[PDB]
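Subsequent text provides structure tokens for two forms of one protein chain, presented individually as structure 1 and structure 2.
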Structure 1
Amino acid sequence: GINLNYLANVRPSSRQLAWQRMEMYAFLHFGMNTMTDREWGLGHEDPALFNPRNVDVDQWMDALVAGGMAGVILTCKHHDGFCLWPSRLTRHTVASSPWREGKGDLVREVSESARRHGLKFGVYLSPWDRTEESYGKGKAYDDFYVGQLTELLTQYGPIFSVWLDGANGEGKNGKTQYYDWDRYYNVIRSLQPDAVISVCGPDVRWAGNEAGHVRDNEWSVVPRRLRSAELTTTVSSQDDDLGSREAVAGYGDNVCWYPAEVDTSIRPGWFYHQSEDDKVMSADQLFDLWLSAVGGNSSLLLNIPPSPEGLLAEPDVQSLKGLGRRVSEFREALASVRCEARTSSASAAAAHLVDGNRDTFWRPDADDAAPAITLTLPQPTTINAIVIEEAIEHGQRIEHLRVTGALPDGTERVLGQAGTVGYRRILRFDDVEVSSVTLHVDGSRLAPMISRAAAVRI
């Protein structure tokens, strides 16, 4: 009652695959709310309030390179409506502020610094707008919104992500703006075709919470309706199960590649509050989050907000530095781990599991009824995770994995189990000394294609 030949062959586009390989990148919420100490601004704030001191975006970018970020998404306009560049379409921008004597352009500062530091740059441009007078008027706000997309996507170099937040607090009897999303997506495709359009867009799906929670099973192949879920019995982005066989079977081919992005902040708020400088996630908590998301088929978008004194604050910088060192050490441990890989079938391809090469993989024969990989360590070694990666250019297929370990006395234990793998599963467990592990890939949609398997000590 399920079409595996379709589901098992749904694949990322070029832009989705390149985005997936970024793994973790940063959010920067900065703007009028940094000055008023707000999470949501009421709107119509006086631009005179936007006077941050000593802004030094290279300090921001140095910290994000120390945390191993692949890129940065700036809030160019948040829901309050204040624009961080001198848009020709509104006076509610940095050109009406005293910052840099009215001659400032923070989108220009950030995008040029990001480029010098080897970080890709993306833009957040809030659909909801509490200041713009055309908002709630229909086509007039669509024209304004498209004009501001055109400014951001033509004047600031390559854009890797356009992030379209669905949050809207108009509520009961407030303004109604039916956005022309289709029109917006033609603007973004035409002007930055390599960008991913995220959240209220077709390329990247909001994981469904903002607390850093990661699903036990995260399917990148989901009903196509989820691309509309944030745009205006219901299938919602927050649902735990979006892509099981049970959930998707009745949609047939009305399914697509729409992979999750887990967005969360290093502080309780998105914007900077000095009151929260003792509530900054530590390096160890950030690394547990990175292991959970980037080892859970979810890209990680971590926000770190600059203060009204122009900097990323010292606790945040320390946590970023710590996170980048933990991830650098883990990636070197992964790259350098040695073991002999043996397989249940197709032994000629076993070496593709342990070659370091994300474009080679092992695929069991179609009649291998118990696909498995055994990784034998050079001597008894203490491990506490396995890492497995599917060659997702060709689809996402794994549905269950059981991991067993053979201990040095030759007895065996089950170390852990997982459902989905996708871009990467990092299955963690208690520290255990083993001579070998066996990954039993005992549920899959058609034969799985695995580009890496490893046993490691985090």
Structure 2
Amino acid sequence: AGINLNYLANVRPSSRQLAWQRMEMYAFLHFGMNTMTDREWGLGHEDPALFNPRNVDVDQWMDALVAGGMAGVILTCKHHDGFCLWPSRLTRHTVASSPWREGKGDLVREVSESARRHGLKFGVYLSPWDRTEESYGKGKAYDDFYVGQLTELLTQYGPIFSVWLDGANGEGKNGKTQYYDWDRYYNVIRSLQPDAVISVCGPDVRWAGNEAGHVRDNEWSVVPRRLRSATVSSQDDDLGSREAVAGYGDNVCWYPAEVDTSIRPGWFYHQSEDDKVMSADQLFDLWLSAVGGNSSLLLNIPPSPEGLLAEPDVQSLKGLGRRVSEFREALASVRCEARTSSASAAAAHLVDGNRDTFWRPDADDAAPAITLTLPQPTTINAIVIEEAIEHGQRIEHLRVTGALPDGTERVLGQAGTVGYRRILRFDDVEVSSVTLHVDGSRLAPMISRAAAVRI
């Protein structure tokens, strides 16, 4: 193997990136002034008197998120309109000036506390774009204000798992375009919350860039480093193939994808969209596609102006969670005999329920493969396979075969990348065994789990 391949096959996640990956799916909570004014885009300078939801019940939100199987929640602490959901000391444009809770409330506190009681991690979105704040457009003075608010959020509310950042901007009242001192912002986050992943407009987690309803066929976590300050764009179908990254040499990095979408057409709640909430089945397919396609899933659910998650959203979440649990429960009810093409001693690692142990074929194994034999003919429609990503991402082509009770065997399906998890789906079939052929790989693959199941 050449220097380049030895490099690519060993690019690896940091501690914070690995912990983040293991979350799999978490929620976004869009709630604030835009909810009250029924907008996707706020104008700024909205009257704080308009923020007076009568029945905020964050435990109702968290209850539904747990039932949905979420690992954490990212709250919109301040959106583009600039209204802050905590009583910031740096602006009067906050819940402290609203009639909500007699001006004595702190929704960031209320949410973070409830998240922790519910076993969910807590993250923040603090909008760089600010349509109210006076310093906006002045340059450094707005950076000072932003950093000031980051500091409040990152020091007063306990551990933060993610700081989510988009890059929208505009002109201030002075007519000048505000640009952000990203490097300065990153230092603050790294300093105050070392374990947090800085996401999207940050170096730790990449916006998947997919068209809604689509995920990459091949999602590589190892990609050109230039994608971190985002010729090539985040929306390209092929970011990480050998051909795509060839010319970049060592200028690549571990920069894993996050698929983000809303359960409704809009990010904020609009009553007119109450008949347009994704169903539990739509969410499940999404989960299977994202979390079964080497991407984390960020799912937005917006509370209504009353201060509750709406009934359809709660039901979809509940059904999503039920489908995910049924899937895992069947993935454990599975009785299989695992056999490998080499390193049979390590074959045990495929089924010990330890994500830290893996099977890796011998260097001279020219056809690495895992055979799973079933106690008797069973119907299956998917295989689950996971790489030991702590050590990198390597698999490039996977071919799955099934041995039918009727002597013969056929191809059940193929896939490219695996990474954190590949759930390969196909038509319901009855087999006595399946073989996973790792036809292509950057050096020897390290596989921590393999399984055949019926969804």
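Shifts are known only where both forms have a C-alpha. Superpose the two forms; the largest set of C-alphas matching within 1.5 Å is the rigid core. Just so we're on the same page, residue numbers count up from 1 along structure 1's sequence.
**Q** Overlay on the rigid core first, then point out the one of 151, 210, 180, 288 whose CA is displaced 2 Å or more between structure 1 and structure 2.
**A** Spelled out, the residue whose C-alpha shifts by 2 Å or more is 210.
**Q** Tell me, please, whether between structure 1 and structure 2 the C-alpha of residue 168 is shifted by 2 Å or more, with the rigid core used for superposition.
**A** Yes; that C-alpha moves by at least 2 Å between structure 1 and structure 2.
**Q** Residue 335: how large is its C-alpha shift between structure 1 and structure 2, with the rigid core as the superposition reference, in Å?
**A** With the rigid core fitted, the alpha carbon of residue 335 is displaced 2.1 Å between structure 1 and structure 2.
**Q** Once the two forms are fitted on their rigid core, how many angstrom does the CA of residue 93 move between structure 1 and structure 2?
**A** Reported C-alpha shift between structure 1 and structure 2: 1.0 Å at residue 93.
**Q** Do any runs of 3 or more residues shift their CA by 2 Å or more between structure 1 and structure 2 on a core fit, and if so, which ones, in sequence order?
**A** Residues 166 to 175, 209 to 213 form the runs that move by 2 Å or more between structure 1 and structure 2.
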